[PDB]
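What follows is one chain in structure tokens, specifically the form solved without ligand 6NT.
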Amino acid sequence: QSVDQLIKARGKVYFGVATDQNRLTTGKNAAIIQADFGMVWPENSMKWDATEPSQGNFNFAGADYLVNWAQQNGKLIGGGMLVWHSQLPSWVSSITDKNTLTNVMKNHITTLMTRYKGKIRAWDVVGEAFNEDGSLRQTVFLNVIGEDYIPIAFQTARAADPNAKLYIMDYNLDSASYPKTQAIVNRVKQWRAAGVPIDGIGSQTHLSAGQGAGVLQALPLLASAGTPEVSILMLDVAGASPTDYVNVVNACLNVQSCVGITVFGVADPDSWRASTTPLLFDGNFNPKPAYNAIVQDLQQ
């Protein structure tokens, strides 16, 4: 039974999953995504070291495959990250000239978004821009361009595909009392009041056992930044307890601006932290109790 259908029935946009070409051609991933999920997200195939490994040499084969598969099968598509310090090729982090890096950043955004113009529901334009204390992370982009790199990236992205929702993304936004959570709210409010086109906050939710409950307060706080959308992104939960997963889903239902949830893979052995069996299907592609508890929660 399909959690995407059930969550749409509750007024949300999607229940989604990260995937890529070799997932869709192995295992039972393609069948499960067709039946049970409404949106796909590139596991790796749109990050910077995958898509522009040297200057101007774009690698689009993998993303092309995912985009075509999604369209053929009637699924929504997300993408990102456009601007991110991890998985950043050395040729970008070596740049010290402000104008050069500004144009490199603008060209990377514009080329990716233009290739799939109109087909991508939402992009994470900037990711992991905050330190844990809430100050801005001192990446090459902050150090060289300055604080306006975030305004410039969103402005550039809006011009490239005016139809896409533009998100800022970060992790460790799972507790309301955490400084990072409050800082991103305060900065996003101030950017949007200055005209920066930030449509969404995406919360990359990687939880330990028992941390689902805290998202019931954190997600409302993120929503108070006033963005039209917020999302739960790349969700997984060590142990995959029903309680944790149901708490996260209910946080999504409780927050009007929360458009949906994306889990970080289908089956446990294909997780980046597989020994914590943190996903909704087991190594035999059977649904786990957490999957069934979500169905039951969404039916009510």
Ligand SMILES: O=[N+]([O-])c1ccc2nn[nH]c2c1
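Start at 1 and count along the sequence shown; that's the residue number.
In what follows, reference is made to the form deposited with ligand 6NT bound, a form of this protein that is not presented.
Q) Taking ligand 6NT in the deposited bound form as the reference, which of 267, 234, 67, 33 has a non-hydrogen atom within 4.5 Å? A) After the contact test, the surviving option is 234.
Q. Might residue 80 be said to contact ligand 6NT in the deposited bound form, defining contact as any heavy atom within 4.5 Å?
A. Yes.
Q: Although ligand 6NT is absent from this view, report whether residue 262 comes within 4.5 Å of it in the deposited bound form, heavy atoms only.
A: Yes, contact at 4.5 Å.
Q: Give a yes or no for residue 38: in the deposited bound form, does one of its heavy atoms lie within 4.5 Å of a heavy atom belonging to ligand 6NT?
A: The answer is no: residue 38 has no heavy atom within 4.5 Å of ligand 6NT.
Q) Any chance residue 18 has a heavy atom within 4.5 Å of ligand 6NT in the deposited bound form? A) Yes, residue 18 is a contact residue.
(Q) Partner absent here, but in the deposited bound form, which of 155-163, 140-148, 184-192, 226-234 has residues with a heavy atom within 4.5 Å of ligand 6NT? (A) Contact-bearing stretch, as computed: 226-234.
**Q.** Contact set, 108-132 vs ligand 6NT in the deposited bound form - heavy atom within 4.5 angstroms
**A.** Contacting residue: only 124.
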